[PDB]
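Shown here is one chain on its own, the form deposited in one PDB entry, set out as structure tokens.
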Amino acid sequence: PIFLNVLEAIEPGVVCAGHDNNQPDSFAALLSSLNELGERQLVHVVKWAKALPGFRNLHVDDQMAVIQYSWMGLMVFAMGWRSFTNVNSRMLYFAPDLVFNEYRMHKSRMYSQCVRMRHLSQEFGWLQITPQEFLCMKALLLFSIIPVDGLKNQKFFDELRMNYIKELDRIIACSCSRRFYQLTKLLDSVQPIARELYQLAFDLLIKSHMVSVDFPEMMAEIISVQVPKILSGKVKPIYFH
């Protein structure tokens, strides 16, 4: 169980958004706290990724690129699990101090995306996803979006991605065929959700100075430098099906 030992050991702990819950639920306050949460979680995503088995086998530029393309999907998948285990999926548990009810879903102007995120959360229940399955699936999400022109050493990436697929297969194996199909269909469903959120993030950054929404340093950098490569089709998800 070496692989699962590692995934459990490096899983990030609780991250708070810093949200002042006694101010009114305005669009600007809610989106500014979500952006701050993203900035805080990005720190943990980087430290988590660098500690994954085999990750340092990747070229150093590929390491940062893969994090900078997959972070939305990783963060939404993890938030979906938090929601399933904490509020049982009619609310979104972005953080202990940033829990979206239906009112916040509307005031954030993200209601339809939150609905889809809620559906993703509920699938952990409908499919009875185990903690071990969640951990392996989340790791695989780091290796599920790349440039169409390929990475700087694509061969090492393809080997590492293969090995994470094998680990998922082992965790299921420890019926199997139906399970693997279910989990890979679930993984595929993350990318379209992440794409819609990437679109929202980009549009909000462009008009941020006018809706009074503050973007932290690394969020502003990644949404203006890397996210447009996804939105323009230069960086694309790897789907199973």
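All residue numbers are counted from 1 along the displayed sequence.
Separately, the form solved in complex with a partner chain exists; it is not shown, and the next lines address it.
By the 4.5 Å heavy atom rule, the three marked residues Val76, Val115 and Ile193 all fail to count as contacting the partner chain in the entry with it bound. Between the options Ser32, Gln63, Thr184, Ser208, the residue in contact with the partner chain in the entry with it bound by a heavy atom within 4.5 angstroms is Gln63.
The partner chain in the entry with it bound is not approached by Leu231, whose heavy atoms all lie more than 4.5 angstroms from it. For the chain shown alone, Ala28 is not a contact residue for the partner chain in the entry with it bound, no non-hydrogen atom being within 4.5 angstroms. Among residues of the shown chain, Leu52 is not one whose heavy atoms approach the partner chain to within 4.5 Å in the entry with it bound. Among residues of the shown chain, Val43 is one whose heavy atoms approach the partner chain to within 4.5 Å in the entry with it bound.
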